[PDB]
């Protein structure tokens, strides 16, 4: 557990003595799309049909708009607070080549996000830029999500499966998924009619989970790894996108090695900590725009 205790306030909860927890590292490392940095350094996000604001002050984290019951049943796990990241970093740091990346993203934690939202979010991520991905996800939410109110503004929850099933390919194109619109529609249809079951897929071991996810149109090896890592906690995942590819070619492999070979290399070397190693590498590579 990377925290001591919690104090329930009137309109917030204070998590005391949190370790390995930095807002920029967590919300900007590439894993999430609905968290927005505020002028004061706080971040406001929309997840699980709730609007939450997070502030870090010294060794404490203040989570606004939630109570103690919600922290225990939803948010403590959302921020993966029961895992000791000190041990993860210690193990990974034994590899000198990973040290600089780990040091750069010491406050990273892998959030435990919703499978349905993550599935669609990363289908949208294919050959796309994060700012555009965020816009598309927010548009989809504004178009059919439930209204949430927080500090004078109305936010929109991610749509339910039933509401998203009402989308036509054109609707997705309007939220602008581009050519990915057909993939989103086909995928929502398969979820709606029960062809593929996310709860069942999430219960499968890492390799089997990966294989089932690729059955979805628009989901390949990279998107499947992102989905199982970010919403199913399958930590042997090693999503190789353009940035992780660059990071690996700088440290472990030659420039002509295929993405499949890079994925296999990483999973063999990092094992059960592959997903974590991947995040530190991605964050360092993208933030420092390595060439």
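Positions refer to the first chain, counted from 1.
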Legend entry - Average Cα temperature factor in the PDB entry - higher stretch of 77 to 85, 173 to 181: 173 to 181
Inset, instruction - Check the entry's C-alpha temperature factors for 7 to 15 and 279 to 287, then say which stretch has the higher mean. - result: 7 to 15
Inset, instruction - Just grab whichever of 196, 137, 102, 119 has the top CA B-factor as deposited. - result: 196
Legend entry - Selection from 202, 190, 109, 112 [criterion: highest C-alpha temperature factor in the record]: 190
Inset, instruction - Taking the values exactly as deposited, rank residue 141 by C-alpha B-factor within its chain and report the matching third: lowest, middle or highest. - result: lowest
Inset, instruction - Check where residue 72 lands among this chain's C-alpha B-factors and tell me if it's the lowest, middle or highest third. - result: highest
Inset, instruction - Quick one: classify residue 238 as lowest, middle or highest third of the chain based on its Cα B-factor. - result: lowest
Inset, instruction - Divide the modelled residues of the chain into thirds by Cα B-factor and specify which third, lowest, middle or highest, holds residue 251. - result: middle
Inset, instruction - Tell me, lowest, middle or highest third: where does the Cα B factor of residue 96 rank within its chain? - result: highest
